[PDB]
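1. Give the three-dimensional model of this entry:
(one chain, ligands or ions: 1)
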Amino acid sequence: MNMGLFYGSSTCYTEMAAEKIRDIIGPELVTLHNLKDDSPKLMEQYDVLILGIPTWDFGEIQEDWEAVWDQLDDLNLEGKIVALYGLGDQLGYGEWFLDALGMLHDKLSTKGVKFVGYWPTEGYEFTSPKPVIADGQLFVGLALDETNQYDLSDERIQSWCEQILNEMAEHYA
Ligand SMILES: Cc1cc2nc3c(=O)[nH]c(=O)nc-3n(C[C@H](O)[C@H](O)[C@H](O)COP(=O)(O)O)c2cc1C
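-> Numbering: from 1, shown residues only. Here you go, the structure:
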């Protein structure tokens, strides 16, 4: 299946993660979409999607994601696989770490999607109630930080990619 990597970035952080995800999984079948210029309507075509939101200004969404957040309700995503990923920082926040991630998860759960890319919350710092499932033991998506985890965020992407490329494919078997 062809898969759509969607993101929005004010700087470059979500962009660099996007390149990595598509690269690791396979640019044969993954395609980047830069929502600060691309319309999310093309996300209706692709069988499977991977969507990435940075949490800005204390639990705000990145400003270019806010621009398409309106259309996401109108789109056809019903029965699509979605892997969420998100960016923030633990040291300055924790409380607002991945807050936008929880918001897309609650957005796209109403869109009748199926989700991949959970991680266990152990060995991380957040204590926020939003980006978590089960009993709060696993995150809704890949969680990154570029303010101090910049040394390892790269390694966490690839390992996340190594599961989502199974979770999506094994669903589709
Ligand atoms: C003014 C400002 C506010 C931020 N607000 C949050 C926040 O609410 N939660 C969080 O965990 N990180 C926060 N961050 C960290 C960013 O989410 C993080 O750097 C992210 O990678 C931004 O991605 P982007 O620039 O590609 O859009 C903030 C950063 C700045 C500069």
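
2. tell me, how many neighbours does the residue in the chain positioned nearest to the ligand end up with?
-> Nearest residue of the chain to the ligand: residue 88, at 2.2 Å (C-beta to the nearest ligand atom). Quick note: C-beta positions are derived from backbone N, CA and C, even for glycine. Neighbourhood size, residue 88 [other C-beta atoms under 10 Å]: 27.

3. Now the phi/psi pair for it, please.
-> When quoted as degrees, to the nearest 10, the phi and psi of residue 88 stand at phi -180, psi -150.

4. If it is in a bridge, with which residues?
-> In this entry, residue 88 is beta-bridged to residue 145, by DSSP bridges.

5. wait, isn't it in contact with residue 53?
-> No. The pair residue 88 / residue 53 is not scored as a contact, 9.6 Å apart, by C-beta atoms under 8 Å.

6. Mind listing the shared neighbours of the two?
-> Here residue 88 and residue 53 have residue 100 as joint contacts, going by C-beta atoms under 8 Å, 6 or more residues apart in numbering.

7. List the residues that contact the residue of the chain closest to the ligand.
-> Taking C-beta under 8 Å, 6+ apart, we find residue 88 in contact with 54, 55, 96, 97, 98, 99, 100, 143, 144, 145.

8. which of these has the most neighbours?
-> Result: residue 98 is most packed of these (other C-beta under 10 Å), 34 neighbours.

9. what residues does the protein put near the ligand?
-> 9-11, 13-14, 54-59, 62, 87-89, 93, 96-97, 99, 146-147 (C-beta under 6 Å from any ligand atom).
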